[PDB]
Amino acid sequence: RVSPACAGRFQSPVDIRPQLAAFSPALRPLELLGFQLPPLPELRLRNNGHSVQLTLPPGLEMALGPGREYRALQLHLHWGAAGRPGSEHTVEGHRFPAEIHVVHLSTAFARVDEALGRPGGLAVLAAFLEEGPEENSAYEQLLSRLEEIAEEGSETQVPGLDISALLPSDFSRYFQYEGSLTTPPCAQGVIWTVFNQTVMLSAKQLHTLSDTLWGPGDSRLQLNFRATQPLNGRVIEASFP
């Protein structure tokens, strides 16, 4: 009730139906610069009670295309529980075990509050997390620290790492649509890019993610995804036919 933007017509997340997506060959491969960080200075990894977030340093540049430039602010995760998936986006009604969001600010804006609700002011890179056979070493750097931040509102410093190693290797094949933040204030104008390729974590890693953190009260931080929102006439674009 408190935030009217959460009742907007063009909200996220959405159910991606690839057959109804529009092939748009203007959608070129995503470009990331400066994501391969040195170990120092350290970054802050926080259990904010709704997700686990990693705050990103200055100098991480992302482009959705020529002239569509962004700076990375933060990344965070959405996940489920034992035997329950918890991605935000779905594909043909299928929910994936978890989802990573890397949130960026258009280089036309100095602050988030100026970008909120402005077209293209914020851009999110989203990838699904699925079970694979191997321990994912980039994820392990964060997941091995969740026990330190089990309590709601706690944080810890972690060394810099290759942030791009938390995303799929295929930056060419993706869906793109305009939507909203998935937490209040649910501001619209957010460009969502959802990778075709998924990222693989071990079963143990997925369990660590869903079973370690606590939220508000004595409740487990689990199932922290927003319900699917209707496209309401928006057409999802795809970078591939």
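Counting begins at 1, following the sequence as shown.
Test of understanding: from the entry's C-alpha B-factors, which stretch has the higher mean, 198-206 or 211-219? Here the higher of the two C-alpha B-factor means belongs to 211-219.
Would you tell me which stretch averages the higher CA B-factor in the PDB entry, 138-146 or 78-86? Taking the mean B-factor of the alpha carbons in each, 78-86 is higher.
Where the record places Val2 (Cα B-factor, split into thirds across the chain): Within its chain, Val2 is a highest-third residue by C-alpha B-factor, going by the deposited values.
When the modelled residues of the chain are sorted by Cα temperature factor, does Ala110 land in the lowest, middle or highest third? It falls in the top third of the chain.
Using the B-factors in the PDB entry, rank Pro18's C-alpha atom against the chain and give the third, lowest, middle or highest. Highest third.
Taking the values exactly as deposited, rank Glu131 by C-alpha B-factor within its chain and report the matching third: lowest, middle or highest. For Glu131, the deposited C-alpha B-factor lands in the middle third.
Taking only the Cα B-factors deposited for this chain, tell me whether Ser12 sits in the lowest, middle or highest third. According to the entry, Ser12 has a C-alpha B-factor in the chain's lowest third.
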